[PDB]
2 protein chains.
Amino acid sequence: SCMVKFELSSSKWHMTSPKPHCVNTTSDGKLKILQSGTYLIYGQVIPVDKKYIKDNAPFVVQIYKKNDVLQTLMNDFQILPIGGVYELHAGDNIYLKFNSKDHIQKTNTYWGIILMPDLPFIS
Amino acid sequence: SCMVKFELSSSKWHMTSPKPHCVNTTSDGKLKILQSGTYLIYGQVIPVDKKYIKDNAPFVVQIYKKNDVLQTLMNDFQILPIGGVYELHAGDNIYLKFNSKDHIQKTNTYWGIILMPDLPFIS
């Protein structure tokens with residue numbers, strides 16, 4: 001059972017155990033994957049209200065795995081759920097990149113991962 | 001330990017156990033919470049290429065809890081991760097409504113839930 005949750009407001013991780021077996025975390029909100037497996041990356045990025053962003057810079061969020069883009073997301077400054085099921089390997093780094101971090105409202109913005117268990121049953 | 005994933009191409013649920021204690025799933029892709037707790041609702045909704053769009057409806061995806069919309073998402077027909085962390089109660093029906101079923105590439109489109117453990121360990 002391995003899961004972590006980073007709240008950007010406080011810059012703290014919350015975790016299943018004191019020293020999780022599956023991941024290491026950093027206080028800038030990056031993770032390193034210690035256990036290869038199927039992971040669910042999740043989170044919600046809250047944009048600053050668009051009336052307050054006075055140029056034409058798009059609201060963009062990317063999740064990286066090492067130096068590869070796992071996904072690129074953009075909407076018109078509306079709340080953005082992120083992530084999905086990804087196959088990760090020991091040693092992989094996961095981190096988010098923002099078009100501009102001034103777009104991001106720290107309060108209630110969060111992200112993390114959960115090591116998924118196998119799902120061998122089907123109906 | 002309780003997780004389910006619905007694959008829209010096959011209309012099958014993939015599950016941690018033969019009869020998950022935490023949730024009831026049905027073959028229309030809906031589900032019902034059996035165990036009160038913190039849940040991570042997740043998924044990715046993949047739109048077809050814009051050149052196949054027949055109708056004039058915008059790309060909108062909603063998650064309902066019982067009869068009220070819980071989450072409303074929309075973009076310019078791009079990949080759409082859904083969900084986030086929500087407190088749900090025994091009895092809550094969770095399901096998805098799309099603006100137009102034709103908008104969806106069933107192949108890589110999935111959603112489901114995981115009952116979340118507590119994350120008591122901080123920093």
# chains A, B, ... in the order shown; residues from 1 in each chain; ligands from 1
$ interface_residues --of "chain B" --to "chain A" --cutoff "9 Å" --atoms "only C-alpha atoms" --output "number ranges by chain"
B: 1-5, 11-19, 25-27, 40, 42-44, 73-76, 78-85, 116-123
$ write_last_selection --atoms "C-alpha atoms" --output "PDB file, in the first residue's frame"
ATOM      1  CA  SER B   1      -7.644  -2.670  -0.922  1.00  0.00           C
ATOM      2  CA  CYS B   2     -10.310  -1.771  -3.450  1.00  0.00           C
ATOM      3  CA  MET B   3      -9.895  -0.506  -7.016  1.00  0.00           C
ATOM      4  CA  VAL B   4     -11.884  -0.816 -10.206  1.00  0.00           C
ATOM      5  CA  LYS B   5     -11.107   0.303 -13.740  1.00  0.00           C
ATOM      6  CA  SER B  11     -17.297  -2.339 -21.469  1.00  0.00           C
ATOM      7  CA  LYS B  12     -15.590  -4.450 -18.842  1.00  0.00           C
ATOM      8  CA  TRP B  13     -14.496  -3.591 -15.335  1.00  0.00           C
ATOM      9  CA  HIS B  14     -11.096  -4.692 -14.096  1.00  0.00           C
ATOM     10  CA  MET B  15     -11.019  -5.247 -10.395  1.00  0.00           C
ATOM     11  CA  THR B  16      -8.789  -6.000  -7.421  1.00  0.00           C
ATOM     12  CA  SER B  17     -11.007  -8.783  -6.207  1.00  0.00           C
ATOM     13  CA  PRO B  18     -13.947 -10.984  -7.546  1.00  0.00           C
ATOM     14  CA  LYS B  19     -16.527  -8.989  -5.568  1.00  0.00           C
ATOM     15  CA  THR B  25     -20.053  -1.916 -10.708  1.00  0.00           C
ATOM     16  CA  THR B  26     -22.458  -2.449 -13.619  1.00  0.00           C
ATOM     17  CA  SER B  27     -21.844  -3.124 -17.307  1.00  0.00           C
ATOM     18  CA  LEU B  40      -9.925   9.035  -6.004  1.00  0.00           C
ATOM     19  CA  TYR B  42      -9.909   8.980 -12.137  1.00  0.00           C
ATOM     20  CA  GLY B  43      -9.979   8.283 -15.836  1.00  0.00           C
ATOM     21  CA  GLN B  44      -8.938   9.538 -19.224  1.00  0.00           C
ATOM     22  CA  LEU B  73     -14.969  19.205 -17.847  1.00  0.00           C
ATOM     23  CA  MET B  74     -14.515  20.566 -21.383  1.00  0.00           C
ATOM     24  CA  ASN B  75     -11.779  21.412 -23.893  1.00  0.00           C
ATOM     25  CA  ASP B  76     -11.040  21.813 -27.589  1.00  0.00           C
ATOM     26  CA  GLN B  78      -8.164  17.017 -26.483  1.00  0.00           C
ATOM     27  CA  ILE B  79      -7.142  14.320 -24.010  1.00  0.00           C
ATOM     28  CA  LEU B  80      -9.140  14.719 -20.833  1.00  0.00           C
ATOM     29  CA  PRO B  81      -8.012  13.279 -17.523  1.00  0.00           C
ATOM     30  CA  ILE B  82     -10.965  13.340 -15.124  1.00  0.00           C
ATOM     31  CA  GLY B  83     -11.728  13.187 -11.413  1.00  0.00           C
ATOM     32  CA  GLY B  84      -9.798  13.871  -8.237  1.00  0.00           C
ATOM     33  CA  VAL B  85     -10.157  13.167  -4.518  1.00  0.00           C
ATOM     34  CA  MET B 116      -7.978   5.817  -0.552  1.00  0.00           C
ATOM     35  CA  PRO B 117      -6.038   4.950   2.549  1.00  0.00           C
ATOM     36  CA  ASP B 118      -5.300   7.673   5.097  1.00  0.00           C
ATOM     37  CA  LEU B 119      -2.193   9.709   4.486  1.00  0.00           C
ATOM     38  CA  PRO B 120      -1.143  10.441   8.054  1.00  0.00           C
ATOM     39  CA  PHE B 121       2.586  11.032   7.447  1.00  0.00           C
ATOM     40  CA  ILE B 122       3.627  14.559   6.679  1.00  0.00           C
ATOM     41  CA  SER B 123       6.455  16.755   5.367  1.00  0.00           C
TER      42      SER B 123
END
$ select_by_dssp --residues "region 23-102 of chain B" --states "strand (DSSP E)" --output "PyMOL selection string"
chain B and resi 23-25+31-33+37-45+60-65+68-74+80-81+84-88+93-98
$ residues_around --residues "region 47-58 of chain A" --least-positions-apart "4" --cutoff "6 Å" --atoms "only C-alpha atoms" --output "ChimeraX atom specification"
/A:77,103-105
$ write_last_selection --atoms "C-alpha atoms" --output "CSV table (one decimal), in the first residue's frame"
chain,number,residue,atom,x,y,z
A,77,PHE,CA,-7.9,28.7,-17.2
A,103,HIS,CA,-1.1,31.0,-13.6
A,104,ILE,CA,-1.2,28.6,-10.7
A,105,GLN,CA,-3.2,29.2,-7.5
$ residues_around --residues "residue 34 (chain B)" --least-positions-apart "3" --cutoff "12 Å" --atoms "only C-alpha atoms" --output "PyMOL selection string"
chain B and resi 2+19-25+31+37+39+88-94+115
$ write_last_selection --atoms "C-alpha atoms" --output "PDB file, in the first residue's frame"
ATOM      1  CA  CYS B   2     -10.310  -1.771  -3.450  1.00  0.00           C
ATOM      2  CA  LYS B  19     -16.527  -8.989  -5.568  1.00  0.00           C
ATOM      3  CA  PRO B  20     -15.047  -5.682  -4.360  1.00  0.00           C
ATOM      4  CA  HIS B  21     -16.251  -4.741  -0.883  1.00  0.00           C
ATOM      5  CA  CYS B  22     -16.076  -0.985  -1.570  1.00  0.00           C
ATOM      6  CA  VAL B  23     -18.074  -0.551  -4.735  1.00  0.00           C
ATOM      7  CA  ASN B  24     -20.715  -2.021  -6.995  1.00  0.00           C
ATOM      8  CA  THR B  25     -20.053  -1.916 -10.708  1.00  0.00           C
ATOM      9  CA  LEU B  31     -20.894   2.300 -10.162  1.00  0.00           C
ATOM     10  CA  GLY B  37     -14.594   7.010   2.586  1.00  0.00           C
ATOM     11  CA  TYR B  39     -12.051   8.199  -3.023  1.00  0.00           C
ATOM     12  CA  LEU B  88     -18.203   9.748  -0.909  1.00  0.00           C
ATOM     13  CA  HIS B  89     -20.878   7.878   1.027  1.00  0.00           C
ATOM     14  CA  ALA B  90     -22.264   4.326   0.956  1.00  0.00           C
ATOM     15  CA  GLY B  91     -25.021   4.652  -1.660  1.00  0.00           C
ATOM     16  CA  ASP B  92     -23.532   7.343  -3.935  1.00  0.00           C
ATOM     17  CA  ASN B  93     -23.996   6.364  -7.572  1.00  0.00           C
ATOM     18  CA  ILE B  94     -21.026   7.626  -9.603  1.00  0.00           C
ATOM     19  CA  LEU B 115     -10.747   3.751  -2.112  1.00  0.00           C
TER      20      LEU B 115
END
$ atom_distance --atom1 "CA of residue 33 (chain B)" --atom2 "CA of residue 8 (chain A)"
29.1 Å
$ atom_distance --atom1 "CA of residue 36 (chain A)" --atom2 "CA of residue 96 (chain A)"
19.7 Å
$ select_by_dssp --residues "chain B" --states "helix (DSSP H, G or I)" --output "number ranges by chain"
B: 50-52, 101-103
$ closest_residue --among "B:45, B:70, B:35, B:60" --to "residue 9 (chain B)" --atoms "only C-alpha atoms"
B:45
$ atom_distance --atom1 "CA of residue 100 (chain B)" --atom2 "CA of residue 62 (chain B)"
11.4 Å
$ decode --residues "region 102-123 of chain B" --atoms "N, CA and C atoms" --output "mmCIF file, in the first residue's frame"
data_model
loop_
_atom_site.group_PDB
_atom_site.id
_atom_site.type_symbol
_atom_site.label_atom_id
_atom_site.label_comp_id
_atom_site.auth_asym_id
_atom_site.auth_seq_id
_atom_site.Cartn_x
_atom_site.Cartn_y
_atom_site.Cartn_z
ATOM 1 N N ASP B 102 -20.607 10.080 -29.759
ATOM 2 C CA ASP B 102 -19.793 10.045 -30.985
ATOM 3 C C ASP B 102 -18.441 10.728 -30.838
ATOM 4 N N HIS B 103 -18.315 11.558 -29.810
ATOM 5 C CA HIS B 103 -17.092 12.313 -29.572
ATOM 6 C C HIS B 103 -15.961 11.428 -29.070
ATOM 7 N N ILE B 104 -16.319 10.246 -28.577
ATOM 8 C CA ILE B 104 -15.398 9.411 -27.799
ATOM 9 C C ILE B 104 -14.734 8.283 -28.593
ATOM 10 N N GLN B 105 -13.416 8.257 -28.547
ATOM 11 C CA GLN B 105 -12.676 7.125 -29.037
ATOM 12 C C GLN B 105 -12.660 6.099 -27.896
ATOM 13 N N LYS B 106 -13.534 5.101 -27.992
ATOM 14 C CA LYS B 106 -13.676 4.080 -26.962
ATOM 15 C C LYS B 106 -12.358 3.395 -26.624
ATOM 16 N N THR B 107 -11.524 3.142 -27.627
ATOM 17 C CA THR B 107 -10.275 2.375 -27.436
ATOM 18 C C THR B 107 -9.428 2.676 -26.173
ATOM 19 N N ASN B 108 -8.930 3.892 -26.010
ATOM 20 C CA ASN B 108 -8.094 4.147 -24.834
ATOM 21 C C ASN B 108 -8.794 4.961 -23.740
ATOM 22 N N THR B 109 -10.118 4.901 -23.711
ATOM 23 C CA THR B 109 -10.899 5.677 -22.762
ATOM 24 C C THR B 109 -11.286 4.830 -21.561
ATOM 25 N N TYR B 110 -10.930 5.299 -20.370
ATOM 26 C CA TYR B 110 -11.199 4.537 -19.148
ATOM 27 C C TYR B 110 -11.527 5.444 -17.984
ATOM 28 N N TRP B 111 -12.184 4.877 -16.979
ATOM 29 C CA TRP B 111 -12.366 5.533 -15.699
ATOM 30 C C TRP B 111 -12.640 4.471 -14.612
ATOM 31 N N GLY B 112 -12.594 4.897 -13.356
ATOM 32 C CA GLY B 112 -12.967 4.052 -12.250
ATOM 33 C C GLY B 112 -12.619 4.769 -10.970
ATOM 34 N N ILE B 113 -12.488 4.019 -9.880
ATOM 35 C CA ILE B 113 -12.206 4.625 -8.591
ATOM 36 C C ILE B 113 -11.243 3.782 -7.793
ATOM 37 N N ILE B 114 -10.612 4.414 -6.816
ATOM 38 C CA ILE B 114 -9.868 3.698 -5.796
ATOM 39 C C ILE B 114 -10.215 4.278 -4.417
ATOM 40 N N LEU B 115 -10.562 3.380 -3.495
ATOM 41 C CA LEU B 115 -10.747 3.751 -2.112
ATOM 42 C C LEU B 115 -9.379 4.111 -1.553
ATOM 43 N N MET B 116 -9.265 5.309 -0.994
ATOM 44 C CA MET B 116 -7.978 5.817 -0.552
ATOM 45 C C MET B 116 -7.649 5.503 0.899
ATOM 46 N N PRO B 117 -6.405 5.094 1.160
ATOM 47 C CA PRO B 117 -6.038 4.950 2.549
ATOM 48 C C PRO B 117 -5.807 6.336 3.133
ATOM 49 N N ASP B 118 -5.605 6.409 4.444
ATOM 50 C CA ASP B 118 -5.300 7.673 5.097
ATOM 51 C C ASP B 118 -3.866 8.002 4.778
ATOM 52 N N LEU B 119 -3.559 9.281 4.726
ATOM 53 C CA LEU B 119 -2.193 9.709 4.486
ATOM 54 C C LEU B 119 -1.749 10.482 5.707
ATOM 55 N N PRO B 120 -1.426 9.761 6.797
ATOM 56 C CA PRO B 120 -1.143 10.441 8.054
ATOM 57 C C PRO B 120 0.274 11.019 8.149
ATOM 58 N N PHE B 121 1.185 10.636 7.260
ATOM 59 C CA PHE B 121 2.586 11.032 7.447
ATOM 60 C C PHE B 121 2.996 12.193 6.577
ATOM 61 N N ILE B 122 3.530 13.215 7.235
ATOM 62 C CA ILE B 122 3.627 14.559 6.679
ATOM 63 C C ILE B 122 5.067 14.995 6.470
ATOM 64 N N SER B 123 5.203 16.171 5.866
ATOM 65 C CA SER B 123 6.455 16.755 5.367
ATOM 66 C C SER B 123 6.921 16.066 4.099
#
